[PDB]
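Structure file target_6.txt with compact mmCIF, N, CA, C and O atoms:
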```
# COMPACT_ATOMS: atom_id res chain seq x y z
N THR A 1 0.83 -1.20 0.00
CA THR A 1 0.00 0.00 0.00
C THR A 1 0.86 1.26 0.00
O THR A 1 0.57 2.22 -0.73
N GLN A 2 1.94 1.26 0.78
CA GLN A 2 2.84 2.41 0.83
C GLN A 2 3.63 2.60 -0.46
O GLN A 2 3.98 3.73 -0.79
N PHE A 3 3.91 1.52 -1.19
CA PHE A 3 4.52 1.66 -2.50
C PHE A 3 3.52 2.21 -3.51
O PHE A 3 3.89 2.96 -4.42
N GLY A 4 2.24 1.85 -3.37
CA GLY A 4 1.24 2.33 -4.30
C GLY A 4 0.87 3.78 -4.07
O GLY A 4 0.58 4.52 -5.02
N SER A 5 0.87 4.22 -2.81
CA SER A 5 0.62 5.62 -2.52
C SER A 5 1.81 6.49 -2.90
O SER A 5 1.66 7.67 -3.22
N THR A 6 3.02 5.91 -2.87
CA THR A 6 4.19 6.64 -3.33
C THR A 6 4.21 6.74 -4.85
O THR A 6 4.55 7.80 -5.40
N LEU A 7 3.84 5.66 -5.54
CA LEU A 7 3.82 5.67 -6.99
C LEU A 7 2.72 6.58 -7.54
O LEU A 7 2.91 7.20 -8.59
N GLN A 8 1.60 6.69 -6.83
CA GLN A 8 0.56 7.62 -7.23
C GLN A 8 1.01 9.07 -7.06
O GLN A 8 0.65 9.93 -7.87
N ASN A 9 1.84 9.34 -6.05
CA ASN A 9 2.36 10.69 -5.85
C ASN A 9 3.35 11.07 -6.95
O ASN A 9 3.36 12.22 -7.40
N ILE A 10 4.16 10.12 -7.41
CA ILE A 10 5.19 10.41 -8.40
C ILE A 10 4.57 10.68 -9.77
O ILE A 10 5.03 11.57 -10.50
N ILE A 11 3.49 9.98 -10.11
CA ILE A 11 2.81 10.21 -11.39
C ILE A 11 2.13 11.58 -11.40
O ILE A 11 2.16 12.29 -12.42
N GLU A 12 1.56 11.99 -10.27
CA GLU A 12 0.95 13.31 -10.17
C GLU A 12 2.00 14.41 -10.27
O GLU A 12 1.74 15.46 -10.87
N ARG A 13 3.18 14.19 -9.69
CA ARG A 13 4.25 15.17 -9.82
C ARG A 13 4.88 15.12 -11.21
O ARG A 13 5.43 16.12 -11.67
N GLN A 14 4.82 13.96 -11.88
CA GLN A 14 5.32 13.87 -13.24
C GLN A 14 4.43 14.63 -14.21
O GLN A 14 4.93 15.35 -15.09
N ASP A 15 3.12 14.51 -14.06
CA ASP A 15 2.20 15.21 -14.95
C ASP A 15 2.04 16.68 -14.58
O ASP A 15 1.52 17.45 -15.39
N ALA A 16 2.47 17.07 -13.38
CA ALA A 16 2.46 18.49 -13.03
C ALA A 16 3.70 19.20 -13.56
O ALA A 16 3.64 20.40 -13.84
N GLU A 17 4.82 18.49 -13.68
CA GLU A 17 6.02 19.08 -14.26
C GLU A 17 6.04 18.97 -15.78
O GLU A 17 6.69 19.79 -16.44
N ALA A 18 5.35 17.99 -16.35
CA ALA A 18 5.20 17.92 -17.80
C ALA A 18 4.24 18.98 -18.32
O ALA A 18 4.35 19.37 -19.49
N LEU A 19 3.31 19.45 -17.49
CA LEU A 19 2.43 20.54 -17.89
C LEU A 19 3.14 21.88 -17.80
O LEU A 19 2.96 22.73 -18.68
N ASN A 20 3.94 22.09 -16.75
CA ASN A 20 4.64 23.35 -16.58
C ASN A 20 5.72 23.54 -17.63
O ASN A 20 5.99 24.68 -18.04
N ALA A 21 6.35 22.46 -18.09
CA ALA A 21 7.28 22.56 -19.21
C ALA A 21 6.54 22.82 -20.51
O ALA A 21 7.12 23.39 -21.44
N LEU A 22 5.28 22.41 -20.60
CA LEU A 22 4.46 22.73 -21.77
C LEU A 22 4.00 24.18 -21.74
O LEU A 22 3.96 24.83 -22.78
N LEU A 23 3.66 24.70 -20.56
CA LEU A 23 3.18 26.07 -20.43
C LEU A 23 4.28 27.10 -20.70
O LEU A 23 3.96 28.22 -21.10
N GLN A 24 5.54 26.74 -20.49
CA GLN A 24 6.63 27.67 -20.77
C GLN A 24 7.12 27.59 -22.20
O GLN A 24 7.64 28.57 -22.73
N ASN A 25 6.96 26.43 -22.85
CA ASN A 25 7.26 26.35 -24.28
C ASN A 25 6.17 27.00 -25.12
O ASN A 25 6.44 27.42 -26.24
N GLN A 26 4.94 27.08 -24.60
CA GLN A 26 3.89 27.81 -25.28
C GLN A 26 3.99 29.31 -25.04
O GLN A 26 3.67 30.10 -25.93
N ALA A 27 4.42 29.72 -23.84
CA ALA A 27 4.59 31.14 -23.56
C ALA A 27 5.81 31.71 -24.26
O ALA A 27 5.87 32.93 -24.49
N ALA A 28 6.79 30.88 -24.61
CA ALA A 28 7.94 31.33 -25.39
C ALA A 28 7.64 31.39 -26.88
O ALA A 28 8.47 31.90 -27.64
N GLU A 29 6.49 30.89 -27.31
CA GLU A 29 6.08 30.99 -28.71
C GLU A 29 5.18 32.18 -28.96
O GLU A 29 5.29 32.83 -30.01
N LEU A 30 4.29 32.51 -28.02
CA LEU A 30 3.46 33.70 -28.13
C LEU A 30 4.25 34.99 -27.99
O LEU A 30 3.80 36.03 -28.49
N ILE A 31 5.40 34.96 -27.32
CA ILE A 31 6.21 36.16 -27.18
C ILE A 31 6.92 36.52 -28.48
O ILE A 31 7.30 37.68 -28.68
N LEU A 32 7.08 35.56 -29.40
CA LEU A 32 7.65 35.88 -30.71
C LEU A 32 6.66 36.60 -31.61
O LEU A 32 7.06 37.44 -32.41
N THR A 33 5.37 36.27 -31.49
CA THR A 33 4.37 36.93 -32.32
C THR A 33 4.06 38.33 -31.81
O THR A 33 3.93 39.27 -32.60
N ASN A 34 3.97 38.49 -30.49
CA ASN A 34 3.70 39.80 -29.90
C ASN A 34 4.88 40.76 -30.07
O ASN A 34 4.68 41.98 -29.99
N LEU A 35 6.08 40.24 -30.29
CA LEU A 35 7.24 41.07 -30.56
C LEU A 35 7.33 41.45 -32.03
O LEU A 35 8.05 42.40 -32.37
N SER A 36 6.60 40.76 -32.91
CA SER A 36 6.47 41.16 -34.31
C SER A 36 5.35 42.17 -34.51
O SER A 36 5.42 42.97 -35.45
N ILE A 37 4.32 42.13 -33.67
CA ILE A 37 3.26 43.14 -33.71
C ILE A 37 3.81 44.49 -33.27
O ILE A 37 3.44 45.54 -33.81
N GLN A 38 4.74 44.48 -32.31
CA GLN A 38 5.35 45.72 -31.84
C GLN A 38 6.29 46.32 -32.88
O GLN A 38 6.48 47.54 -32.91
N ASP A 39 6.85 45.48 -33.76
CA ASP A 39 7.59 46.00 -34.91
C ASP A 39 6.67 46.72 -35.88
O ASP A 39 7.08 47.70 -36.52
N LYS A 40 5.42 46.27 -36.01
CA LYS A 40 4.46 46.94 -36.87
C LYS A 40 3.82 48.15 -36.20
O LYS A 40 3.21 48.97 -36.89
N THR A 41 3.95 48.28 -34.88
CA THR A 41 3.48 49.49 -34.21
C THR A 41 4.48 50.63 -34.41
O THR A 41 4.09 51.77 -34.65
N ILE A 42 5.78 50.31 -34.34
CA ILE A 42 6.81 51.32 -34.58
C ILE A 42 6.87 51.69 -36.06
O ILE A 42 7.09 52.86 -36.40
N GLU A 43 6.63 50.72 -36.95
CA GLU A 43 6.63 51.00 -38.38
C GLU A 43 5.43 51.87 -38.78
O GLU A 43 5.53 52.66 -39.72
N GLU A 44 4.32 51.75 -38.06
CA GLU A 44 3.19 52.66 -38.26
C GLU A 44 3.54 54.08 -37.84
O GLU A 44 3.21 55.04 -38.54
N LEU A 45 4.21 54.23 -36.70
CA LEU A 45 4.56 55.56 -36.20
C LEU A 45 5.65 56.23 -37.04
O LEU A 45 5.79 57.45 -36.98
N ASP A 46 6.41 55.45 -37.80
CA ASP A 46 7.28 56.03 -38.81
C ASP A 46 6.54 56.32 -40.11
O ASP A 46 7.04 57.10 -40.93
N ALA A 47 5.37 55.72 -40.30
CA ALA A 47 4.51 56.03 -41.44
C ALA A 47 3.50 57.12 -41.14
O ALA A 47 3.06 57.80 -42.06
N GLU A 48 3.14 57.30 -39.87
CA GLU A 48 2.38 58.48 -39.46
C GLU A 48 3.24 59.73 -39.42
O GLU A 48 2.71 60.84 -39.40
N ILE B 1 -5.97 96.85 -68.39
CA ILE B 1 -4.94 96.38 -67.48
C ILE B 1 -5.57 95.81 -66.21
O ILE B 1 -5.07 94.82 -65.65
N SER B 2 -6.68 96.39 -65.75
CA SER B 2 -7.35 95.86 -64.56
C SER B 2 -8.01 94.51 -64.84
O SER B 2 -8.11 93.68 -63.93
N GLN B 3 -8.45 94.27 -66.07
CA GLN B 3 -8.94 92.95 -66.44
C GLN B 3 -7.79 91.97 -66.63
O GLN B 3 -7.92 90.79 -66.30
N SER B 4 -6.65 92.45 -67.14
CA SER B 4 -5.49 91.59 -67.33
C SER B 4 -4.87 91.18 -66.01
O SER B 4 -4.28 90.09 -65.92
N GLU B 5 -4.98 92.01 -64.98
CA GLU B 5 -4.44 91.69 -63.67
C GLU B 5 -5.44 90.98 -62.77
O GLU B 5 -5.02 90.32 -61.81
N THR B 6 -6.74 91.13 -63.03
CA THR B 6 -7.73 90.28 -62.37
C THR B 6 -7.55 88.84 -62.80
O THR B 6 -7.67 87.91 -61.98
N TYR B 7 -7.21 88.62 -64.07
CA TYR B 7 -6.97 87.28 -64.58
C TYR B 7 -5.65 86.72 -64.08
O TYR B 7 -5.49 85.50 -63.99
N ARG B 8 -4.68 87.59 -63.77
CA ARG B 8 -3.42 87.13 -63.21
C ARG B 8 -3.58 86.65 -61.78
O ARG B 8 -3.08 85.58 -61.41
N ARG B 9 -4.28 87.43 -60.95
CA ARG B 9 -4.56 87.03 -59.58
C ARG B 9 -5.50 85.84 -59.51
O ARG B 9 -5.51 85.12 -58.50
N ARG B 10 -6.31 85.62 -60.55
CA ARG B 10 -7.15 84.43 -60.61
C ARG B 10 -6.30 83.18 -60.85
O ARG B 10 -6.60 82.11 -60.32
N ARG B 11 -5.24 83.31 -61.66
CA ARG B 11 -4.35 82.18 -61.89
C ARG B 11 -3.51 81.88 -60.66
O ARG B 11 -3.22 80.71 -60.38
N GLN B 12 -3.13 82.91 -59.90
CA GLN B 12 -2.32 82.71 -58.71
C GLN B 12 -3.11 82.04 -57.59
O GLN B 12 -2.52 81.37 -56.74
N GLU B 13 -4.43 82.22 -57.58
CA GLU B 13 -5.26 81.47 -56.64
C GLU B 13 -5.51 80.05 -57.13
O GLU B 13 -5.72 79.15 -56.31
N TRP B 14 -5.50 79.83 -58.44
CA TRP B 14 -5.60 78.48 -58.98
C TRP B 14 -4.34 77.67 -58.69
O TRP B 14 -4.42 76.45 -58.56
N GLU B 15 -3.19 78.33 -58.59
CA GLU B 15 -1.95 77.63 -58.25
C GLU B 15 -1.95 77.20 -56.79
O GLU B 15 -1.42 76.13 -56.46
N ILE B 16 -2.53 78.00 -55.90
CA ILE B 16 -2.63 77.63 -54.49
C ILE B 16 -3.60 76.48 -54.31
O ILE B 16 -3.33 75.52 -53.58
N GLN B 17 -4.74 76.52 -55.00
CA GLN B 17 -5.71 75.43 -54.93
C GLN B 17 -5.22 74.18 -55.66
O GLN B 17 -5.70 73.08 -55.35
N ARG B 18 -4.31 74.32 -56.61
CA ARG B 18 -3.67 73.16 -57.21
C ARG B 18 -2.72 72.50 -56.22
O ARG B 18 -2.67 71.27 -56.12
N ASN B 19 -1.97 73.31 -55.47
CA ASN B 19 -0.99 72.78 -54.53
C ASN B 19 -1.62 72.29 -53.24
O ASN B 19 -0.99 71.53 -52.51
N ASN B 20 -2.85 72.72 -52.94
CA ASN B 20 -3.56 72.16 -51.80
C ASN B 20 -4.05 70.75 -52.11
O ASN B 20 -4.11 69.90 -51.21
N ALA B 21 -4.39 70.48 -53.36
CA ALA B 21 -4.81 69.15 -53.75
C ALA B 21 -3.62 68.22 -53.95
O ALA B 21 -3.75 67.01 -53.73
N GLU B 22 -2.47 68.76 -54.36
CA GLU B 22 -1.28 67.93 -54.52
C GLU B 22 -0.73 67.51 -53.17
O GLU B 22 -0.25 66.38 -53.01
N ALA B 23 -0.79 68.40 -52.18
CA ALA B 23 -0.35 68.05 -50.84
C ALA B 23 -1.32 67.11 -50.15
O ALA B 23 -0.94 66.39 -49.23
N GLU B 24 -2.59 67.11 -50.58
CA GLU B 24 -3.55 66.18 -50.00
C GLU B 24 -3.44 64.81 -50.65
O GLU B 24 -3.70 63.79 -49.99
N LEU B 25 -3.04 64.74 -51.93
CA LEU B 25 -2.76 63.45 -52.55
C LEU B 25 -1.55 62.78 -51.91
O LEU B 25 -1.56 61.57 -51.69
N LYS B 26 -0.51 63.55 -51.60
CA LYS B 26 0.65 62.99 -50.93
C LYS B 26 0.38 62.66 -49.47
O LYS B 26 1.10 61.86 -48.88
N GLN B 27 -0.65 63.27 -48.88
CA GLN B 27 -1.02 62.96 -47.50
C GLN B 27 -1.85 61.68 -47.42
O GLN B 27 -1.64 60.86 -46.52
N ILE B 28 -2.79 61.50 -48.35
CA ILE B 28 -3.64 60.31 -48.34
C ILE B 28 -2.85 59.08 -48.77
O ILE B 28 -3.07 57.97 -48.28
N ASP B 29 -1.87 59.27 -49.67
CA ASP B 29 -0.95 58.18 -50.02
C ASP B 29 -0.09 57.74 -48.84
O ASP B 29 0.30 56.58 -48.79
N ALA B 30 0.21 58.65 -47.92
CA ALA B 30 0.91 58.26 -46.70
C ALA B 30 -0.04 57.69 -45.65
O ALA B 30 0.42 56.98 -44.75
N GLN B 31 -1.34 57.99 -45.75
CA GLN B 31 -2.31 57.35 -44.87
C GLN B 31 -2.69 55.96 -45.36
O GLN B 31 -3.04 55.10 -44.55
N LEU B 32 -2.63 55.73 -46.67
CA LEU B 32 -2.78 54.38 -47.20
C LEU B 32 -1.61 53.48 -46.86
O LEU B 32 -1.77 52.26 -46.81
N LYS B 33 -0.43 54.06 -46.62
CA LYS B 33 0.73 53.25 -46.26
C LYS B 33 0.67 52.82 -44.80
O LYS B 33 0.97 51.66 -44.48
N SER B 34 0.28 53.73 -43.90
CA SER B 34 0.15 53.37 -42.49
C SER B 34 -1.04 52.46 -42.23
O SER B 34 -1.00 51.69 -41.27
N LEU B 35 -2.08 52.54 -43.05
CA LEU B 35 -3.19 51.59 -42.94
C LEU B 35 -2.79 50.21 -43.43
O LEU B 35 -3.29 49.20 -42.92
N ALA B 36 -1.88 50.14 -44.41
CA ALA B 36 -1.34 48.86 -44.83
C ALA B 36 -0.47 48.23 -43.74
O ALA B 36 -0.33 47.01 -43.70
N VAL B 37 0.11 49.05 -42.86
CA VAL B 37 0.86 48.51 -41.74
C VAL B 37 -0.09 48.13 -40.60
O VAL B 37 0.14 47.15 -39.89
N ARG B 38 -1.20 48.87 -40.44
CA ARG B 38 -2.21 48.50 -39.45
C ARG B 38 -2.91 47.20 -39.81
O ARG B 38 -3.39 46.49 -38.92
N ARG B 39 -3.00 46.87 -41.10
CA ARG B 39 -3.58 45.58 -41.47
C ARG B 39 -2.61 44.44 -41.21
O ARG B 39 -3.04 43.36 -40.77
N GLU B 40 -1.31 44.65 -41.43
CA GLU B 40 -0.32 43.62 -41.16
C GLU B 40 -0.19 43.33 -39.67
O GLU B 40 0.11 42.19 -39.29
N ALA B 41 -0.42 44.33 -38.82
CA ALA B 41 -0.45 44.08 -37.39
C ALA B 41 -1.73 43.39 -36.95
O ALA B 41 -1.78 42.84 -35.84
N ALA B 42 -2.78 43.40 -37.78
CA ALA B 42 -4.00 42.68 -37.48
C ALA B 42 -3.98 41.25 -38.00
O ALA B 42 -4.71 40.40 -37.49
N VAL B 43 -3.15 40.97 -39.02
CA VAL B 43 -2.98 39.60 -39.49
C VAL B 43 -2.06 38.83 -38.55
O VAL B 43 -2.27 37.64 -38.29
N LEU B 44 -1.05 39.51 -37.99
CA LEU B 44 -0.21 38.88 -36.97
C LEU B 44 -0.98 38.62 -35.68
O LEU B 44 -0.67 37.66 -34.97
N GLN B 45 -1.97 39.46 -35.36
CA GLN B 45 -2.85 39.16 -34.24
C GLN B 45 -3.78 37.99 -34.57
O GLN B 45 -4.12 37.20 -33.69
N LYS B 46 -4.19 37.88 -35.84
CA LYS B 46 -4.94 36.72 -36.30
C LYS B 46 -4.10 35.45 -36.24
O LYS B 46 -4.61 34.37 -35.91
N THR B 47 -2.80 35.57 -36.53
CA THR B 47 -1.89 34.44 -36.38
C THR B 47 -1.68 34.11 -34.90
O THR B 47 -1.56 32.94 -34.53
N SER B 48 -1.69 35.13 -34.04
CA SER B 48 -1.52 34.91 -32.61
C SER B 48 -2.72 34.21 -31.99
O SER B 48 -2.56 33.43 -31.04
```

Show the structure stored in the file as C-alpha cells.
Amino acid sequence: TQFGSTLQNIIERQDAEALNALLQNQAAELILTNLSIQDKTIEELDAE
Amino acid sequence: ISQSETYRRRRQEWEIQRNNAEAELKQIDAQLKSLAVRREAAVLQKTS
C-alpha cells in the first residue's frame, strides 16, 4: 500500500512538471508573435 | 490692365488650390501606407 501511494504521488508530480514545461514552451512561442506586432506598431509611427 | 491683372490674380489662386490638392494626394498616399501597416499588425494578431 505504501509503494502504491508513493507511486501515485510520483505520477501526479510527473504530470504536473510535464504541464509546466508545456506552459513555458507555449509562452515562449506567443512572445515571438507579440514582438512582431510591436515592430508593426513602430513602423506605423514612422509612417504616421 | 485691370482685367489683365484680375486674370493674373485668378491664376495665382488656382496655383494655391492646385498645390492644396497635390499636398492632399501625398497625404492620403501616406495614410494608405500606415493603414497597410495596421492591417499587417491585425494579421499577426490573427496568427496569434

Residues of chain A that have any atom at most 7 Å from an atom of chain B: could you tabulate them with the shortest-distance atom pair and the distance in Å to one decimal, using only N, CA, C and O atoms, ordered by chain and increasing number, as CSV?
```
residue,atom,partner,partner_atom,distance
A:30,CA,B:48,O,6.7
A:33,O,B:44,O,5.4
A:34,N,B:44,O,6.5
A:36,O,B:41,CA,6.3
A:37,CA,B:41,CA,5.3
A:40,O,B:37,O,4.7
A:41,N,B:37,O,6.4
A:43,O,B:34,CA,6.1
A:44,CA,B:34,O,5.2
A:47,O,B:30,O,3.9
A:48,N,B:34,CA,5.6
```

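From atom C of residue 24 of chain A back to atom CA of residue 8 of chain A, the distance works out to 25.8 Å.
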
Taken to one decimal, the atom CA of residue 2 of chain A-atom CA of residue 16 of chain A distance is 21.2 Å

Have a look at atom CA of residue 27 of chain A and atom CA of residue 46 of chain B and let me know their distance in Å, one decimal.
16.9 Å
